[PDB]
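# Fold the following.
(chains A, B and C)
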Amino acid sequence: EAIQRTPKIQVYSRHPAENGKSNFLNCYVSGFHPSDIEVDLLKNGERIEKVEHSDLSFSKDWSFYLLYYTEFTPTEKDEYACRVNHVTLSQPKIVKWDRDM
Amino acid sequence: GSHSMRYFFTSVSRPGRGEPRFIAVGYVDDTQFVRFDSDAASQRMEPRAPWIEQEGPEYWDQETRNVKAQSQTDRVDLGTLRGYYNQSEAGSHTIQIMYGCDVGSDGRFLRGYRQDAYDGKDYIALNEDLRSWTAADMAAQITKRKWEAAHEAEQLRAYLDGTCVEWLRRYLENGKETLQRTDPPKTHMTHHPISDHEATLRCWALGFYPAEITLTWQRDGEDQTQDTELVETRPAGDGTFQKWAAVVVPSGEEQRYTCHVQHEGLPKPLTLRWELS
Amino acid sequence: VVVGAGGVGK
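Numbers count the residues shown, from 1 in each chain, chains lettered A, B, ... in the order given. You can find the structure just below:
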């Protein structure tokens, strides 16, 4: 794998988040190579254990994409994040869920 | 109003850790319907859309057998291209393949395609005439000579403009309620101050299908393409897609910027301007 | 459906 591409991580919800209404927390990893990657969803800094993911596919430029998701009820207290580890990263990168992005 | 069927394959060698990882996915338009993972429990081609589940046991037998055969060739090709590129047996490498066909709204054939990659770079691709190949480098030209001698294009073309087109027609009929939909984008605009003099304008597009969309920023009618942040189109998880594009503007000049949205399901291209008191 | 088996190697 001479060409190595850093993953670009997006954290978002399936529907517009409303506190108290069940939703889906998504972590979309894309643009990375090679395909070996570790993705975890965090609630208040701890790993959420029942997390599904998509079947590996790639884009026009050959770079891979994966969607990790889990059901959640947004609160104005709990903090949610995505943790991604790849060969292109010095340390597992954590992107926090922002209802603005 | 055109449709497509596409199959994506990925083979990743695992030296000293057994057979390569093989993942195959089939999609009709932006809807996945089939899956094969060599690390999955079943070792069969599995349904991933409700309208394909009605297929019989013989359909899944043939899909399992043929997709496994793809895996065997990819396993061989990993060793072969390791020689072509003079690389060690210790490293892990990747082969990716995409092929499929496109039909118009009346079902007529439009285009066929097959593209192969090695370690994330182009290796060999079939041309639009489905009669000739384009190799990416001199290593890939060895493959091109082999496929030209065995006449692989003629055999593949019969699938790309024949079998592929007919089964794409059947899938579109078997899942018309879900596959023949065009969800137009739900659009809105957000505003985020980064200071007391600058703010981020973000243009949103949510809940649209299919996935192709265009978001463009314009200042006073002129484009701002090199000052625009635009993230990858992302799936919502319910079958629809999301995207946004952002621009940093001087506070009080937000009315000078407009976001332009283009999508298959839009009657006219949408124009969004931030509103102020 | 995927292509039938029988493609030659690279």
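# What residues does chain C have near chain B?
Residues of chain C lying near chain B by C-beta under 8 Å from any C-beta of the partner chain: C:1-10. Any C-beta I mention is one placed from the backbone N, CA and C, and that applies to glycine too.
# now with 7 Å?
Chain C comes close to chain B at residues C:1-5, C:7-10, as judged by C-beta under 7 Å from any C-beta of the partner chain.
# How about the contacts made by the residue in chain C positioned nearest to chain A?
Closest to chain A within chain C is residue C:2: 14.6 Å, counting by C-beta to the nearest C-beta. For residue C:2, the contacting residues are B:7, B:63, B:66-67, B:70, by C-beta atoms under 7 Å, 6 or more residues apart in numbering or on different chains.
# So which of these sit within helices?
B:63, B:66-67, B:70 (DSSP state H).
# Checking residue 60 next. Helix, strand or coil?
Since no chain was named, I'll use chain A. coil (DSSP: H, G, I helix; E, B strand; the rest coil).
# That was the other one, I meant chain B.
helix.
# contacting residues for it?
Residue B:60 neighbours (C-beta under 7 Å, 6+ apart): B:44-45.
# returning to that earlier point: for PyMOL, write a command that selects the buried ones of the residues of chain C next to chain B.
Buried members of the residues of chain C next to chain B, defined by 16 or more other C-beta atoms under 10 Å in any protein chain shown, are picked up in PyMOL with:
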select buried, chain C and resi 1+2+3+7+9+10
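# mind giving me JSON lines with the residues of chain C next to chain B and columns for secondary structure?
Output for those, formatted as JSON lines (three-state DSSP):
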{"residue": "C:1", "secondary structure": "coil"}
{"residue": "C:2", "secondary structure": "coil"}
{"residue": "C:3", "secondary structure": "coil"}
{"residue": "C:4", "secondary structure": "coil"}
{"residue": "C:5", "secondary structure": "coil"}
{"residue": "C:7", "secondary structure": "coil"}
{"residue": "C:8", "secondary structure": "coil"}
{"residue": "C:9", "secondary structure": "coil"}
{"residue": "C:10", "secondary structure": "coil"}
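# Greatest separation within the residues of chain C next to chain B: which pair is it?
With distances taken as C-beta to C-beta, the most widely separated pair in these is C:1 and C:10, at 22.7 Å.
# how close does residue A:1 sit to chain C?
According to C-beta to the nearest C-beta, to the nearest Å, residue A:1 stands 18 Å off from chain C.
# Verify the stated contact: that residue with residue B:118.
No: Residue A:1 is not in contact with residue B:118 according to C-beta atoms under 7 Å; the separation is 10.0 Å.
# give me every residue that touches residue 7.
Defaulting to chain A. Residues in contact with residue A:7 (C-beta under 7 Å, 6+ apart) are A:29-32, A:37, A:84, A:86.
# Sorry, I should have been clearer: chain C.
Contacts of residue C:7 by C-beta under 7 Å, 6+ apart are B:73, B:152.
# how about 8 Å then?
Going by C-beta atoms under 8 Å, 6 or more residues apart in numbering or on different chains, residue C:7 touches B:70, B:73, B:152, B:155-156.
# Among the residues you listed, which one sits closest to chain A?
The nearest one, if we look at the contacts of residue C:7 relative to chain A and count by C-beta to the nearest C-beta, is residue B:70, at 15.1 Å.
# Which residue, other than its chain neighbours, is closest to the closest one?
Excluding the flanking residues, the one nearest residue B:70 by C-beta to C-beta, 6 or more residues apart in numbering or on different chains is residue B:9, at 6.0 Å.
# what's the neighbour count on that neighbour?
Residue B:9 has 24 neighbours, counted by other C-beta atoms under 10 Å in any protein chain shown.
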